[PDB]
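Single chain ahead, written as structure tokens, the form deposited in one PDB entry.
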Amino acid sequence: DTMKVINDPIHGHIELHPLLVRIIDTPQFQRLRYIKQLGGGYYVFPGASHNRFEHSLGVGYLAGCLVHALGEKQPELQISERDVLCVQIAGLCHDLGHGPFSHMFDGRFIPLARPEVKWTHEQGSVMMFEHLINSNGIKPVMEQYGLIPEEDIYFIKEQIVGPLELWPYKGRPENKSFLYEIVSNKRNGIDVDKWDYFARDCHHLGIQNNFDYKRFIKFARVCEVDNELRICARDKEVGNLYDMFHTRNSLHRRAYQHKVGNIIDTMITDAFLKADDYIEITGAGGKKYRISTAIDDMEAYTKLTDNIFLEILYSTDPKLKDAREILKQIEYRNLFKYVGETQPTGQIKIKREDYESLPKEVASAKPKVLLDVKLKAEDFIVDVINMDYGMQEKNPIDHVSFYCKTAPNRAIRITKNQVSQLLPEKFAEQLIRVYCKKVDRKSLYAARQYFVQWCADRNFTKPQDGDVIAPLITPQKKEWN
């Protein structure tokens, strides 16, 4: 068996070692052809037809690119072909755990269907990777190509999900710490996963990418920090790294958190909840699973992809009628109506245990207006969006090591004020979107009054269309004028 070359529109011709080919050509990996990267986003951005499969090839490719580059520049690091393969495998497999419509599944559906489970796609990736290895006899193939399955499988899993349990990793020692900063960088978020998705999502969405990952690679080195050898960037690249996070935030603003993309994800999630009792997916030993329980059995989960949307849409089962009706409303573009967007003022954070109480609050607001209809808590959706630099309140650049021209082997730190005074004052905020499920002219006008009144009551920011939509409400607030 020989290597294969794959032509990718983002990266061009990607070479795949035959061990990678064996892993790719399995039902557990090919499954990713059937899960859209951006989920409901495709229903707003028609170019965003791309699936997790090709993203995963790109992450595999870039992981190998970066590790090879570091090795070529610093032979003293003793990066081996074995190391390169392990990093490539982690890149290829980091997203094996995604479910139907990607973020929607672990971000919206599972928390609603089964509030007690701890589920993240990353956890799913580890479990699916284990299932892929065992179901396809990969361990002997790994051995043939110089890998040590016991150590290296563990290493791959650590690269994907982080520590499985002082140096907290077992797959590789401290003098190879930099290898853990490639696929999923828990220290500062600078990883090849982002580099592929910035480039790939932009290609498909029709928005242009301003981050240059190849430049980052050219300027990346390995430096000693504490007892570890870590990735270090050239000092004057700091501005580019701030802009990388800006880019990430803009893509969330323009595309990933698009108000309509999010409402479509919400409606699909609703249909899945209404279908969940009635859809059967066969797992190991012929056991039957639900959409929400397939995550417990990797054989069942293998067969759980975006196909579930069409299974529901095409169904005739009267038990599936409620679910089916919601999907039919998407097709006719009878979506829940966007009422508006607001933000908390001051240093107030909205806590996750409070999200479910918010539609109640909006319905319980008292707009001093001639209201032709009354709306209830169930008529409202309140979507709270956490926008940050990937580390809650923290500045990720405070967790980057740099090197200088005249001492390329010496790590230094660079603070925010050493860079620019035009950078963000803080690194996390919340956006609150409100929609109304009742879509007639009179319910919508009413929904607007409740919403803006609620913003007033909570001392939230004034909606941008506030004076046009709720003119009898905005004057009452003098903080807004």
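In this text, residue numbers run from 1 along the sequence as written. C-alpha atoms forming the largest set that superposes within 1.5 Å between two forms make up the rigid core.
Keep in mind that the form deposited in another entry is not shown, yet the notes after this line are about it.
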property: Residue among 109, 129, 245, 155 with C-alpha shift of 2 Å or more between this form and the one not shown, core superposed; result: 245
property: Displaced residue check between this form and the one not shown: residue 380, CA, 2 Å or over, core reference; result: yes
property: Residue 360 C-alpha relocation of at least 2 Å between this form and the one not shown, rigid core basis; result: yes
property: Core fit, then residue 344 C-alpha moves 2 Å or more between this form and the one not shown; result: yes
